[PDB]
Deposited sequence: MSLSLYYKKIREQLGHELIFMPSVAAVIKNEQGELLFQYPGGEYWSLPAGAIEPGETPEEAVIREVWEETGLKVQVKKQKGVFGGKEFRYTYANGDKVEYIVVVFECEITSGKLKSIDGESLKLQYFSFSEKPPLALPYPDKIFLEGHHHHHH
């Protein structure tokens, strides 16, 4: 939770915050997909104002996984009521997520686990299977 969103939350109480975000689809040499376990999730995060969606996904992937990646292709933008989430404490948020297929260029992998498409775990957010293909 960056200082920007943290500051907005302070001022809005539990009210709905619209959060532009990015999520990454990362595959290793053998075709497995990288997921994170806090439901499991794709490496993802909020876009900081000032960053392009591409810069955001590269940064988020580095922070969440330790991998340095470059953007291969955009796999769609998802949003609406199905991407609305209300924290246990009452804080309401709605995401609009830009999904990017990214390729690893450097780094290491800091739970983080690879899963083949057929074995992929369930995700909280309703991303269509097409983002993986």
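The deposited chain is incompletely modelled, with C-alpha atoms absent over 1 to 2, 41 to 43, 116 to 122, 146 to 153.
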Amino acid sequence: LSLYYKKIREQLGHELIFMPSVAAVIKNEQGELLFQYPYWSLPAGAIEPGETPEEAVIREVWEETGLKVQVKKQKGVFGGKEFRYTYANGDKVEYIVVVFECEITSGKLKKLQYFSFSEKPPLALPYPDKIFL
From here on, numbers count along this sequence of modelled residues.
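In this entry, the higher average B-factor at the C-alpha atoms falls on 59 to 67, of the pair 90 to 98 and 59 to 67. Relative to one another, 114 to 122 and 12 to 20 have unequal mean CA B-factors, and 114 to 122 is the one with the higher figure.
Note on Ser106, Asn28, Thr52, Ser41: the highest value goes to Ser106, judged by CA B factor as recorded. Sort the chain's modelled residues by C-alpha temperature factor and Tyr37 lands in the highest third, per the entry.
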